[PDB]
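**Q** Below you'll find the structure I mean.
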2 protein chains.
Amino acid sequence: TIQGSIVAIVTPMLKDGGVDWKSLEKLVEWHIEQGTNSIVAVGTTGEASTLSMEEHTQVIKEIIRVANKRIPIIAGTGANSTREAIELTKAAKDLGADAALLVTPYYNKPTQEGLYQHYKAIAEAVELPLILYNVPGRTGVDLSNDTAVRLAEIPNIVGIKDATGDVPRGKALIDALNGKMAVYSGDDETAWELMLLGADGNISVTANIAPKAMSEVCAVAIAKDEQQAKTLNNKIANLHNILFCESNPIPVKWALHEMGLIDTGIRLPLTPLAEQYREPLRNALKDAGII
Amino acid sequence: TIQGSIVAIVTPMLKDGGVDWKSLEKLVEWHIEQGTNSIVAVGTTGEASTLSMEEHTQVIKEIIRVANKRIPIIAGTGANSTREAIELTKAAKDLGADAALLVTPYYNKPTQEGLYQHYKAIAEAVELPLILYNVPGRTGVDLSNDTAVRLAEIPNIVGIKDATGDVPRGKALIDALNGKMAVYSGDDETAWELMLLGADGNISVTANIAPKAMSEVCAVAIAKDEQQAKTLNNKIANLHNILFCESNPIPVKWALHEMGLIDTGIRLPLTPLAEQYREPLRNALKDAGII
Ligand SMILES: [Cl-]
Ligand SMILES: [Cl-]
């Protein structure tokens with residue numbers, strides 16, 4: 001049901017890596033003001049991997065507190081252990097999240113059946129809307145379209161974030177589902193295209209720095225206005241490239257820093273954007289009218 | 001310094017998933033009796049991903065206890081957060097592990113410099129010998145030969161497990177290194193060749209079910225006896241293929257069950273070996289003389 005521009009929000013940090021609670025509050029308010037439709041708290045772009053359990057709770061709690069029910073909040077609760085995924089997703093429910101976003105277990109390479117049992121076990125453990133998330137380049141595993149369609153039969157599995165960037169494959173999944181659960185782009189470069197083909201929105205990195213513009217791209221693409229979708233997307237299309245010149249969220253955090261909205265903190269093994277990428281990033285932001 | 005056949009040992013579990021302490025103790029004893037030279041506790045084959053921190057501690061402690069100083073014990077202490085890797089590595093030091101084995105951070109895709117910094121930070125925080133581990137198909141990142149050579153300059157970084165199965169690249173690493181740190185194969189199909197080319201050992205899945213045979217292959221490969229290495233490896237070469245019919249450790253745990261050594265317990269998202277691969281695994285075991 002959640003539709004539109006869903007920012008995968010960064011977790012702003014001080015130089016020493018501590019979470020920057022004031023900057024996070026200001027970002028949430030700005031997204032709401034700028035037309036962002038939903039926020040994913042503590043997902044990939046939010047450095048879920050390097051936050052403690054207590055930090056994951058606090059960030060979700062703070063985002064929900066600041067948003068004050070103006071937009072739905074989706075909590076990142078993915079783990080590569082089924083048991084830990086259940087605990088994080090129960091926590092998210094108890095905090096009042098509207099939905100949970102669960103990447104396929106990474107590193108341990110479950111079979112397709114183990115992927116199916118993993119998400120079925122979580123859906124049966126926790127009464128909360130769950131959104132699957134496939135990003136094979138990170139996880140070493142690819143949740144096939146067939147398995148996703150099977151999981152769409154489980155009642156609180158309500159959608160999937162498709163970060164393949166493979167538009168023909170994503171269109172095939174949307175067609176096979178025939179509305180049984182939602183598809184969201186996880187690939188800013190092609191998201192406008194996948195939404196014109198039926199996706200319910202874009203769980204977006206670029207929306208961190210261009211929330212108004214991405215809100216407008218999602219809205220027109222979801223309305224099936226191909227000319228406007230291309231028109232609006234072209235204004236920010238170079239951002240969808242440059243924000244991946246190193247592994248997300250390294251560039252997008254540096255971008256936000258150039259915008260004066262967060263400090264440079266980012267936790268190892270991630271590192272501040274390498275100096276050789278900074279001028280090209282600065283140039284792209286200036287070209288897009290962002291700074 | 002650690003050389004020879006180093007088993008990446010499974011963590012035996014009861015049908016309910018609980019660790020099977022009694023089977024574990026028997027397996028460690030059997031390894032020592034059969035000739036295995038060292039054990040990695042709670043590595044990828046040991047299901048590190050689905051053990052709690054407490055269970056990770058307890059499995060390390062039990063293996064060290066049973067080994068009773070007869071062979072060195074390496075603890076798997078890799079994490080994709082540098083902070084967490086430090087805590088796990090510290091815990092292994094305090095338990096009396098001889099070394100720790102640390103996979104590159106998976107899922108979050110650090111840059112090469114961030115890999116460098118992750119490992120340097122750990123090495124600087126914990127006075128224990130550290131073995132790097134590169135397995136790009138699981139992690140989404142590939143530690144380059146050039147970064148491994150840089151890391152070999154750091155005190156306490158004593159080796160790397162190279163699971164690429166790219167033999168010319170591993171030879172290039174061994175050559176470029178010039179004894180600065182150890183290289184272990186992490187690919188049973190090609191381990192015999194890498195040891196003939198100067199690797200110090202094989203951190204082995206196959207050793208789990210053929211510990212005597214693999215101890216011999218490593219002995220003759222390390223001794224540079226090409227023809228004996230070929231002949232002995234040839235007797236178990238089909239095992240190195242069949243144990244990966246589904247993601248490790250799914251097949252090796254089933255093989256151990258067919259051997260009567262452990263029960264069928266395995267934690268989601270992993271699953272017991274699919275019913276269809278069982279009869280063919282049983283035939284491979286028969287052919288190799290294991291059952
Ligand atoms: Cl996300
Ligand atoms: Cl291992």
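Within each chain, counting starts at residue 1; across the structure tokens, chains are named A, B, ... in the order shown, with ligands numbered 1 upward in that order.
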What are the residues of chain B lining chain A at 8 Å or less? Count only C-alpha atoms, and put the answer as an MDAnalysis selection string.
**A** chainID B and resid 44 49:50 80:83 105:111 113:115 117:118 137:140 246:247 267:271
**Q** Return as a list in words the residues of protein, DNA or RNA that approach ligand 2 to within 9 Å, with only C-alpha atoms and all ligand atoms taken into account.
**A**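 Counting only what the definition allows, namely only C-alpha atoms and all ligand atoms, the set is residues 7, 8, 9, 40, 41, 42, 43, 44, 45, 46, 75, 76, 101, 102, 103, 133, 161, 186, 203, 204 and 205 of chain B.
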**Q** I need the residues from that last selection saved to file as a short mmCIF file (atom, residue, chain, number, x, y, z; two decimals), in the first residue's frame (with C-alpha atoms), if you can.
**A**
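The result, written out as again-v7.cif:
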```cif
data_model
loop_
_atom_site.label_atom_id
_atom_site.label_comp_id
_atom_site.auth_asym_id
_atom_site.auth_seq_id
_atom_site.Cartn_x
_atom_site.Cartn_y
_atom_site.Cartn_z
CA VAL B 7 39.46 -28.57 9.22
CA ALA B 8 36.74 -25.87 8.92
CA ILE B 9 34.74 -27.87 11.44
CA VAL B 40 38.90 -23.65 12.78
CA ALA B 41 36.10 -23.26 15.31
CA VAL B 42 32.94 -21.37 14.39
CA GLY B 43 33.94 -20.47 10.84
CA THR B 44 31.55 -20.42 7.84
CA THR B 45 31.29 -24.25 7.82
CA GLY B 46 30.62 -24.00 11.60
CA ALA B 75 38.68 -19.14 16.00
CA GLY B 76 36.44 -17.67 13.27
CA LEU B 101 40.29 -16.18 11.09
CA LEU B 102 38.45 -13.10 9.75
CA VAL B 103 36.45 -13.02 6.57
CA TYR B 133 39.91 -14.61 4.46
CA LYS B 161 42.73 -17.95 3.41
CA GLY B 186 40.09 -22.12 0.92
CA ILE B 203 41.39 -24.80 5.52
CA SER B 204 39.21 -27.55 4.40
CA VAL B 205 35.63 -28.59 4.06
#
```
**Q** For CA of residue 185 in chain A and CA of residue 25 in chain A, determine how far apart the two atoms are, in Å to one decimal place.
**A**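 One can read the CA of residue 185 in chain A to CA of residue 25 in chain A distance as 25.8 Å.
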**Q** Would you mind writing down, as a ChimeraX atom specification, each residue of range 116-266 of chain B that DSSP on the backbone assigns to alpha helix (DSSP H)?
**A** /B:116-125,136-139,145-151,167-177,191-196,211-222,226-242,250-258
**Q** Could you state the separation of CA of residue 240 in chain A and CA of residue 191 in chain A in Å, given to one decimal place?
**A**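 CA of residue 240 in chain A sits 9.8 Å away from CA of residue 191 in chain A.
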**Q** Please report the interatomic distance between CA of residue 131 in chain A and CA of residue 200 in chain A in Å with one decimal.
**A**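 Calculated distance between CA of residue 131 in chain A and CA of residue 200 in chain A is 12.2 Å.
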**Q** Got a sec: who's within 9 Å of residue 86 in chain A, counting only C-alpha atoms, leaving out chain neighbours fewer than 5 positions off, as a PyMOL selection string?
**A** chain A and resi 77-79+81+91+121-123+125-126
**Q** Run DSSP on the backbone of this structure and report the residues of range 28-269 of chain B it assigns to strand (DSSP E or B), as a VMD selection string.
**A** chain B and resid 38 to 41 73 to 76 99 to 103 130 to 134 157 to 162 182 to 185 201 to 204
**Q** As an MDAnalysis selection string, please: the residues near residue 285 in chain A (cut-off 9 Å, only C-alpha atoms, same-chain neighbours under 2 positions excluded).
**A** chainID A and resid 209 239 255 258:259 280:283 287:291
**Q** Using only C-alpha atoms, which of B:279, B:16, B:226, B:175 sits nearest residue 192 in chain B?
**A**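 When distances to residue 192 in chain B are compared using only C-alpha atoms, the smallest one comes from B:226.
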